[PDB]
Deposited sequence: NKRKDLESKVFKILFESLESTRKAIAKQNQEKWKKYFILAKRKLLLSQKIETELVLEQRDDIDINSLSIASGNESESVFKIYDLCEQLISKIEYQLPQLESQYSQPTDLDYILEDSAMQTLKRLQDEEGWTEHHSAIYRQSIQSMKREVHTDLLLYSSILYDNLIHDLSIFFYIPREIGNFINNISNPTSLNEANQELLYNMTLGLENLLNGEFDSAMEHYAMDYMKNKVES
């Protein structure tokens, strides 16, 4: 009598141990947060840069290096992003310790728990459904906190959005004075910072700080 209660207790405390294992994962979870947000930032970069390419008239006459260099930096920043997005995907899908914990190790625990007394096929059903729920909720967590992260570091990375900045500058330069060349220069610069690692490093720094 009251063996039902004891078996239930075993199931519950097993599942809770798995939950605590899950909560201890931090480094790969954060690396994945960071991958999702960075991917969003890089798709907006590739779209902004494709828009400013499009506005270039292929001159075909039919009877300055300051901008050719700008358009050049544009094209190879597209090339950078195009290399980088598959690598972020790849990195994202690499298996982690948590995976093993939730698959093989959790199945091993199941088998042992089934050899107890009073453990039915229903207890197994409940155990399996809980582990499937935990597996899914890992993705829940990734999607949630990477959205929150992206929202925060779109504020923090403002300094790198050089087009809004150069336009605000340039219409301030009407009423507070050469301006064409100033814009070409600040644009070249903001490009370079996007290509030369200054951006990938800024993002590493910010998200890291967030994790501490």
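The deposited chain is incompletely modelled, with C-alpha atoms absent over 1 to 3, 67 to 74, 189 to 192, 228 to 232.
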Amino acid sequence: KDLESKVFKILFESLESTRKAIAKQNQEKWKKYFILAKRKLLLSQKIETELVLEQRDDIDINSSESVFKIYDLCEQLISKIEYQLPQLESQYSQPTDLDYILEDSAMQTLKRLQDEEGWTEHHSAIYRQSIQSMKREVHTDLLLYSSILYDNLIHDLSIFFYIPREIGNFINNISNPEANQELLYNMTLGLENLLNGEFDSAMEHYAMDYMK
From here on, numbers count along this sequence of modelled residues.
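As the entry records it, the average C-alpha temperature factor is higher for 6 to 14, out of 197 to 205 and 6 to 14. Between 112 to 120 and 135 to 143, the higher mean Cα B-factor belongs to 112 to 120. Of all the options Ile35, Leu157, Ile61, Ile47, the entry's greatest CA B-factor is assigned to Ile61.
You'll see in the entry that, of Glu28, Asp151, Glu54, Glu166, the Cα B factor peaks at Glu54. Residue-level temperature factors show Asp72 in the highest third of its chain, judged at the C-alpha atom.
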